[PDB]
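Engineer: Read top to bottom, the protein sequences are chains E, D, C, B and A.
All residue numbers for the first sequence refer to the deposited numbering, where the first residue is 33 and numbers rise by one.
All residue numbers for the second sequence refer to the deposited numbering, where the first residue is 27 and numbers rise by one.
All residue numbers for the third sequence refer to the deposited numbering, where the first residue is 27 and numbers rise by one.
All residue numbers for the fourth sequence refer to the deposited numbering, where the first residue is 9 and numbers rise by one.
All residue numbers for the fifth sequence refer to the deposited numbering, where the first residue is 9 and numbers rise by one.
For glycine and all other residues, C-beta sits at the position ideal for the given N, C-alpha and C.
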Amino acid sequence: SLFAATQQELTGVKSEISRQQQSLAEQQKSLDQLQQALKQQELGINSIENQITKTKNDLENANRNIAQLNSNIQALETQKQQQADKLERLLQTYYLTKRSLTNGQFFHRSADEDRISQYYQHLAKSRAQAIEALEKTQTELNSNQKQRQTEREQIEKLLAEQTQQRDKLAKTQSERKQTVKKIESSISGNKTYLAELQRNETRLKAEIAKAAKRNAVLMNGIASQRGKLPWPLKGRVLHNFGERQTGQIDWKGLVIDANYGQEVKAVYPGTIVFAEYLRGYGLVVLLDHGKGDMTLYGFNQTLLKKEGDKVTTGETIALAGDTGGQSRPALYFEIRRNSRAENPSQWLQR
Amino acid sequence: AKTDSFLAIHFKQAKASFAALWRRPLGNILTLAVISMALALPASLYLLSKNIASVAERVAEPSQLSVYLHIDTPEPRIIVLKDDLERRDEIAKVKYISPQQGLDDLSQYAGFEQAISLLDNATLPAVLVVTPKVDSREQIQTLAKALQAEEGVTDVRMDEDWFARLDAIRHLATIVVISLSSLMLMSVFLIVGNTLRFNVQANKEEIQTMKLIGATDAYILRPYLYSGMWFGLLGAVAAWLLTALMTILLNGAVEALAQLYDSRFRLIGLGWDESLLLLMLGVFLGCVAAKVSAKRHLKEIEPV
Amino acid sequence: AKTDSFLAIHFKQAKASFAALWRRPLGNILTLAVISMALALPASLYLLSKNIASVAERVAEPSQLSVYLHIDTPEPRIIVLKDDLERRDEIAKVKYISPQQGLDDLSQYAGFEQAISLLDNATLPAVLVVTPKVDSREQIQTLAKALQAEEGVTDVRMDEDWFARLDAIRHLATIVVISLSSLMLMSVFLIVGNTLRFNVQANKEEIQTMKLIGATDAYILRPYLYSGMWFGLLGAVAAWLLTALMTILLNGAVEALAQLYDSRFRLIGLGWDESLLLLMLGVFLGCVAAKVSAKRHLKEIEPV
Amino acid sequence: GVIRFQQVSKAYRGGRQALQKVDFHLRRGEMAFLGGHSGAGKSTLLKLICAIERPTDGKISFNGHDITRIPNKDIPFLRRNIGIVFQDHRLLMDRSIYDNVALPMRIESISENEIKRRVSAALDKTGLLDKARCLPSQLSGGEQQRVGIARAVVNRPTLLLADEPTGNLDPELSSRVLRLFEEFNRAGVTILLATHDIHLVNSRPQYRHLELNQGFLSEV
Amino acid sequence: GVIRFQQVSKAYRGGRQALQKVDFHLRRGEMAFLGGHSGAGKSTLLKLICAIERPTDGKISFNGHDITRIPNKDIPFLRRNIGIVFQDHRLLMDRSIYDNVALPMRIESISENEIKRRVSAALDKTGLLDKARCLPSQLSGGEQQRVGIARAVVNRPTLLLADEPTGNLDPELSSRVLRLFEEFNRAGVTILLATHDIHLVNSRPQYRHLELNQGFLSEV
Ligand SMILES: Nc1ncnc2c1ncn2[C@@H]1O[C@H](COP(=O)(O)OP(=O)(O)O)[C@@H](O)[C@H]1O
Ligand SMILES: Nc1ncnc2c1ncn2[C@@H]1O[C@H](COP(=O)(O)OP(=O)(O)O)[C@@H](O)[C@H]1O
Ligand SMILES: [Mg+2]
Ligand SMILES: [Mg+2]
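(1) Would you mind stating whether residue 291 of chain C and residue 282 of chain C have Cβ atoms separated by less than 8 angstroms?
(2) At a cut-off of 7 angstroms, is residue 146 of chain B close to ligand 2 when judged by its beta-carbon and the heavy atoms of the ligand?
(3) Mind checking residue 310 of chain C: buried by the 16 CB within 10 Å criterion, or exposed?
(4) Tell me, please, whether the CB atom of residue 128 of chain C is closer than 8 angstroms to any CB atom in chain E?
(5) Output, in sequence order along the chain, the residues in the segment 108–121 of chain A whose CB is closer than 8 angstroms to any CB in chain C.
(6) Which residues mark the beginning and the end of the beta strand (DSSP E) in which residue 93 of chain D is found?
(7) Within a Cβ cutoff of 6 angstroms, which residues of the same chain sit near residue 137 of chain E, ignoring the five residues on either side of it in sequence?
(8) Can you find a C-beta in chain A that's less than 8 angstroms from the C-beta of residue 183 of chain B?
(9) Going along the chain, which residues of its own chain have a beta-carbon closer than 7 angstroms to the beta-carbon of residue 348 of chain E, five neighbours each way excluded?
(10) In the DSSP assignment, the beta strand (DSSP E) including residue 122 of chain C goes from what residue to what residue?
(11) So, helix, strand or coil for residue 219 of chain A, using DSSP?
(12) Whose Cβ in chain D lies nearer than 8 angstroms to the Cβ of residue 85 of chain B?
(13) Please name the residue or residues paired with residue 12 of chain A in a DSSP beta bridge.
(14) With DSSP run on the structure shown, which of helix, strand or coil describes residue 312 of chain E?
(15) Could you name each continuous beta strand (DSSP E) segment of 3 residues or more that falls completely within the segment 44–90 of chain A, going from the start of the chain to the end?
(16) Which chain C residues are close to residue 107 of chain E, counting only those with a beta carbon under 7 angstroms from its beta carbon?
(17) Do residue 353 of chain E and residue 312 of chain E have their CB atoms nearer than 8 angstroms?
(18) From residue 257 of chain B to residue 26 of chain B, what distance separates their C-alpha atoms?
(19) Out of D:144, D:111, D:78 and D:158, which has the shortest C-alpha to C-alpha gap to residue 134 of chain E?
(20) Given residue 234 of chain D, which residues of its chain have a CB within under 8 angstroms of its CB, disregarding the five upstream and five downstream residues?
(21) Using a Cβ-based criterion (distance less than 7 angstroms to any ligand heavy atom), does residue 21 of chain B qualify as near ligand 1?
(22) Do residue 46 of chain B and residue 28 of chain B come within 8 angstroms of each other at the CB atom, strictly closer than that value?
(23) Near residue 132 of chain A, what residues of its chain come up, given a Cβ to Cβ distance below 6 angstroms and the 5 sequence neighbours on each side ignored?
(24) Less than 8 angstroms separating the beta-carbons of residue 152 of chain E and residue 128 of chain C?
(25) Between residue 143 of chain D and residue 130 of chain D, what straight-line distance do the alpha-carbon atoms span, to the nearest angstrom?
(26) Quick one, which residues of the segment 64–80 of chain B are near chain D if we go by CB-CB under 7 angstroms, in chain order?
(27) So residue 77 of chain E and residue 205 of chain E are supposed to be a Cβ contact under 8 angstroms. How far apart are they, rounded?
(28) Smallest Cα separation from residue 175 of chain C: which of C:308, C:63 and C:94?
(29) If you count every other CB in all the chains shown that lies within 10 Å of the CB of residue 160 of chain C, and 16 or more means buried, which is it?
(30) Could you spell out the range, first to last residue, of the beta strand (DSSP E) harbouring residue 271 of chain E?
(31) List, in chain order, every chain D residue whose beta-carbon is nearer than 7 angstroms to that of residue 156 of chain E.
(32) Return the CA-CA distance between residue 307 of chain A and residue 187 of chain A, expressed in angstroms with no decimal places.
(33) Find the residues of chain E that neighbour residue 84 of chain D, judging by a C-beta separation of less than 9 angstroms, and give them in chain order.
(34) Which residues bound the alpha helix (DSSP H) around residue 179 of chain A?
(35) Following the continuous alpha helix (DSSP H) through residue 281 of chain D, name the residue where it begins and the one where it ends.
(36) Could you check which residue in D:297, D:288 and D:301 has the C-alpha nearest to that of residue 136 of chain D?
As structure tokens, this is what we get:
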């Protein structure tokens, strides 16, 4: 019986380990579901924000057309008043110089009948032209006013659309905060959080490796620009390279506090190789500077550049945000050379 | 032995007489055309006479003088000015035309309905008409000068008052119309009689045979009466159609003439009453001519 | 066998035919009256037309050419154009009317004693008139039109028969003339035919016996030809007398009208050369109508 | 009687006298021949009887009513009772036979159906029913004379007067025409035939013969 | 001869044939009677001879000159040679007897004096010289017929045609008219009388008789 205790104890430990593994698997599955939900929420917020910006731009475009229509309407009103005065005086002159035949008002004695007839015909022709022009301008003004009113009605629809988008964005933001809070509470276990961090870090390496093997940038690299790279964003550094993030996991990049929607500028010219959403880092933009030198910008709320697009130094590539489950807005800056992460502080200018 | 109804025999005779005209096409057609033309010409002459008479009656106004007030003049000011003018001596009467009444008068003319509507507020000057007590031209000129200097008007208009010339022209037209109408009526009356005489002479044998039998005179006479009546009716209808086709052209010509000036004029055609009188005159003339000629020629025919 | 000469038979036939008209006085008198009236109608119309044409020609026969400048041309260029026109030949006499002068003329025409207000100074375009220095009307008109076209003048209204135009004289007068001529031809060509047909019918037995014996057709026909010729001649004379009486009737009425106007005028009767044409027309119509109708009606009469 | 004369005499404008004191009487149903010479008064007598020309001396009685001074407005009514046949067989060449025979009826304005039946009866009686729709030109002389007789007798005349009806026919057709007149007399229609042919009158002595000689009527 | 036929025949529009293969010859001076029945072709023959109606089958020769297709302009010249007498004694009632008898001469436009003498001679020959200035109305029937004969014969015709001249006269005057025709024939004027009276023709057998029967001419 003494020898059989060890095997029985292992089964009990294995059952507890299996139960713990099953609980960990259920917790991991719940975390994966929470991560999937957060990714949908984060992507939805960016899509909603882009729609809001588009609608705002459309409204701005309408505004200028509204001003042009108002100026045209003012000019048309001035022309209408002038032509109305002209037509009124011409009609009064005709009322004065009727010259009706049936009342014996014809053939004034000792006058140039041909010349007076020519005067009358010219006056009538001028009246006809004036009334035709007045009708034309009035019709054009009425059509423009009808179109201008329709444009205002269309703006109303745009405003309605923008209001609905704003409400959805607010609801999405609240849900994302709740999703983040649930993940953080469930990540209270030190062991669970460390394993998740390793998988995200492992996931980043695979994506970086695939991108590196796809686009072989012919650039000269950023080696010659050591210590002179402009700061991608203006803000206070929250976490330095090599700082202990959690347990035995140390940050591989520089975390700089940034305001929501803050513009993020590329440190050096390069070609974008990865502009997708990555678990644990939010929106990540990968720029390849050639010779194996690449720069990564994560946690961006929205990405403006797409994969394969060329970016110049100082150009806005993405907007800083809290993507990737961050509790506050920030921008994650990482510099990688030969697939090895280097301290950003040694590259950025002091 | 049964006899047809009084109306039936007359209707049958009328139908037979109408059918008879097809026997000799050329002569009947020519006489009908001449009758139509000779009845149309007096109609046109009378139409011109009536138009001239209407114009002369219209021009009968005693050289009425028109006064135009300023467009912006207040209505109470216009009323006060009208009262003062009425009080002033040498003015027979004063008539005030409101701006909207003048607007309606102007809108009566063609081509002005659209402009008035398009204008937000059409505002014609208040037109006032003053009839001088004395028709003398010197008095008219003096009164016009005084009204212009009255310091309450913007313009003054005066009429032509050419009554005598139009009266003389009307008298001349009346004489010409009477003479030509009389000549044409006599010509058409006499033309019918000759054709009836020739027709009676054509069928001498049948008339002799009928009179040899105990035929009455009225029976022999009726067909010629109805032929004359048909001649008259057809001639009058053709004359009315020709008169209409002539008045359309005359109206077109007068409209073209008046178009040279900005005003327009329209001719007053013969009324519904005139056409009925024309038909009655044609029928009466034809029937009387046929009766007299046929009877006179018929008395001189013996059965053997 | 003694035979009469060519002229003797014709003279005897003429005298006998003239004497024959008295056998039936009424029948041959009514036809003469109808022919006289039908022929006198157009004669009187022509007389009035000639009188009015003479009046129109008499009133004034000057020559003046008018050119209308375009409204677009500014005032300073008017002096330059005037100088250029004066420099060129055939432009010796020139008169210029300012737009203000034209406005004053228009105000006077409507009866206003003073220039009408609220019309502005741009109511009418400036107008220039050039006298015809060259008697060649066609060449002068062509040169004036070319000069106006070169200068950009909107219109070149050379003096002409504006009243005649292409509306009244072109169509209505021609239609009236054609209608009156057709009436004259038909009425005369008709009644003459019917009377001769009736005369031939009245002599059916005599014509039958004459044909049976062996008389030639021309012998049968000639008396009716001469009867028609006499009808035409007498009708023409009666028409001349009727027109003279009509002129006598209208003399007073025309005198009253002519006195009122400046131009003193007197009615003028038909010229002595016109009377010969009238008689020739009458005899020609009579002879042609008689020949045609008599031959056509005499074809269909067999000896037995 | 159907007609009577009282010393009637006619004098022409020229001064020649056709009739002088002629007196004869006709009773209804009788027939007479009224023979005469080339002159005499046969045609003048036939003209007088039907009031075409008025007399001068005596008086004429038709049915007891004086015809001496009949007003001109009553002549048509008198003539309606008398049918007249002439040597010339006066016919309207333009119209058809049915129209020629129907004229006496149409003059009175009779209905079309009765006219048709009566004309058919008369034409059948005279033997011309077959050619009722043909023109008179196509018919021969005897047929034309028979058509004339039918036209004369269509209107049931009380007295029928014939003025040498057989002038233009040879004796062969003379016999037929006389037999037709005899049949009409048998029907009850009074007749007064007039002829200068002595042979024809001598052929049939049944009917009283009146000889007219230089305006005098022997009546024997 | 004065006239000759060569198988001449006439067919009317209706389809009835008046003449069928008629052939006869006349020598100058002869006289003929041309007897026929009520139908036959007497009147049609007299119409054909004087060119009033043209033939259809054969040819007609007047004096060796064909008359079959004589142009219409030459008919008056032919008719001037032929005198025609009709039963109706066609006379112009308006004019005087001297005018009626003088018409054939005046048609040729002959001088007045010659017309007067010739007309007086003709009227004396016919015995009417006394009444040369009277109207035809006053004359009796026989006088009118004699005036007609004089008018026919005034112009010295080569051939004289009579169409039943004795239709309206009793036999007493028939004898006188026939004797007058005989005198004219003795003068040397060819005659072709036409009558249906068998008695008159049988009275005088000297002259050749041609019988016309249903359009056929026996010539016996
Ligand atoms: N209109 C007339 N004027 C004068 N005399 C006439 C007129 N008509 C006939 N006569 C004559 O009167 C007489 C009557 O003759 P009439 O009876 O007509 O003969 P028939 O019977 O043969 O025709 C005749 O001598 C005739 O010439
Ligand atoms: N115009 C015509 N149309 C048709 N047939 C006719 C015409 N005239 C005569 N006929 C016919 O032709 C034939 C000739 O007859 P006709 O010689 O005239 O007789 P008659 O000698 O007694 O006068 C007759 O049968 C007649 O009916
Ligand atoms: Mg007799
Ligand atoms: Mg015969």
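Structural biologist: In short:
(1) Stepping through the third sequence from its first residue, residue 291 of chain C is reached at position 265. Stepping through the third sequence from its first residue, residue 282 of chain C is reached at position 256. No, the Cβ-Cβ distance between residue 291 of chain C and residue 282 of chain C is not below 8 angstroms.
(2) Here the question's residue 146 of chain B lines up with position 138 in the fourth sequence. Residue 146 of chain B: yes, Cβ under 7 angstroms from ligand 2.
(3) The count along the third sequence starts at 1 and reaches residue 310 of chain C at position 284. So residue 310 of chain C counts as exposed.
(4) By one-based count along the third sequence, residue 128 of chain C stands at place 102. Yes, contact with chain E.
(5) Cβ contacts with chain C: 111, 112, 115, 116, 117, 118 and 119.
(6) Residue 93 of chain D sits at position 67 when you count from the first residue of the second sequence. Counting along the chain, residue 93 of chain D sits inside the beta strand (DSSP E) bounded by residues 91–94.
(7) Within the first sequence, residue 137 of chain E is the residue found at index 105, counting from 1. Only 131 meet the Cβ criterion.
(8) Here residue 183 of chain B refers to the residue found at position 175 of the fourth sequence. No, residue 183 of chain B does not count as interfacial toward chain A.
(9) Reading the first sequence from its first residue, position 316 is the one you call residue 348 of chain E. Correct list, in chain order: 295, 296, 297 and 336.
(10) The sequence position of residue 122 of chain C within the third sequence is 96, counting from 1. Element bounds for residue 122 of chain C: 120–123.
(11) Numbered from its first residue, the fifth sequence carries residue 219 of chain A at position 211. In this structure, residue 219 of chain A counts as strand in the three-state DSSP scheme.
(12) Within the fourth sequence, the letter at position 77 stands for residue 85 of chain B. Here the neighbours are 240.
(13) Taking the first residue of the fifth sequence as 1, we reach residue 12 of chain A at position 4. DSSP output for residue 12 of chain A lists A:33 and A:69 as bridge partner(s).
(14) Position 280 of the first sequence, counted from the first residue, corresponds to residue 312 of chain E. In this structure, residue 312 of chain E counts as coil in the three-state DSSP scheme.
(15) 67–69
(16) Residue numbering aside, residue 107 of chain E sits at position 75 when the first sequence is read from its first letter. Those do not exist, as residue 107 of chain E stays about 23 angstroms from chain C at its closest Cβ, beyond 7 angstroms.
(17) Here residue 353 of chain E corresponds to residue number 321 of the first sequence, with the count starting at 1. Here residue 312 of chain E corresponds to residue number 280 of the first sequence, with the count starting at 1. No, the Cβ-Cβ distance between residue 353 of chain E and residue 312 of chain E is not below 8 angstroms.
(18) Given that chain B is displayed from residue 9 to residue 228, the structure contains no residue 257 of chain B and the question cannot be resolved.
(19) In the first sequence, residue 134 of chain E corresponds to position 102, counting from 1. Considering only alpha carbons, the answer is D:78.
(20) Along the second sequence, one-based indexing puts residue 234 of chain D at 208. Within the same chain, residue 234 of chain D has close Cβ partners 327, 328, 329 and 330.
(21) Position 13 of the fourth sequence, counting from 1, holds the residue named residue 21 of chain B. Flag set: Cβ of residue 21 of chain B near ligand 1.
(22) In the fourth sequence, the residue the question calls residue 28 of chain B occupies position 20. In the fourth sequence, the residue the question calls residue 46 of chain B occupies position 38. For residue 28 of chain B and residue 46 of chain B, no; Cβs fall outside 8 angstroms.
(23) The residue labelled residue 132 of chain A in the question sits at position 124 within the fifth sequence. Hits under 6 angstroms: none found.
(24) Counting from one through the first sequence, the residue named residue 152 of chain E turns up at place 120. Counting from one through the third sequence, the residue named residue 128 of chain C turns up at place 102. Judged by beta-carbon spacing, residue 128 of chain C lies beyond the 8 angstroms limit of residue 152 of chain E, meaning their Cβ atoms are not closer than that value.
(25) Numbered from its first residue, the second sequence carries residue 143 of chain D at position 117. Numbered from its first residue, the second sequence carries residue 130 of chain D at position 104. Distance between the alpha carbons of residue 143 of chain D and residue 130 of chain D: 12 angstroms.
(26) none
(27) Position 45 of the first sequence holds residue 77 of chain E. Position 173 of the first sequence holds residue 205 of chain E. Indeed, because the Cβ distance is near 6 angstroms, the residues count as touching under 8 angstroms.
(28) Translated into positions along the third sequence, residue 175 of chain C becomes position 149. The closest CA to that of residue 175 of chain C, considering only C:308, C:63 and C:94, is found on C:94.
(29) In the third sequence, the residue the question calls residue 160 of chain C occupies position 134. Per the 10 Å Cβ criterion, exposed.
(30) Working through the first sequence from its first residue, we reach residue 271 of chain E at position 239. Run containing residue 271 of chain E: 269–271, per the beta strand (DSSP E) assignment.
(31) As a working mapping, residue 156 of chain E is identified with position 124 in the first sequence. Correct list: 288.
(32) As shown, chain A starts at 9 and ends at 228. That puts residue 307 of chain A outside it, with no answer to give.
(33) Taking the first residue of the second sequence as position 1, residue 84 of chain D is located at position 58. Simply 134, 135 and 136.
(34) Sequence index remark: in the fifth sequence, residue 179 of chain A carries index 171 (1-based). Taken as a continuous stretch (DSSP letters only), the alpha helix (DSSP H) holding residue 179 of chain A covers 179–195.
(35) To locate residue 281 of chain D, count along the second sequence from 1; it is residue 255. Counting along the chain, the alpha helix (DSSP H) containing residue 281 of chain D begins and ends at 243–285.
(36) Here residue 136 of chain D corresponds to residue number 110 of the second sequence, with the count starting at 1. Cα-wise, what sits closest to residue 136 of chain D is D:288.
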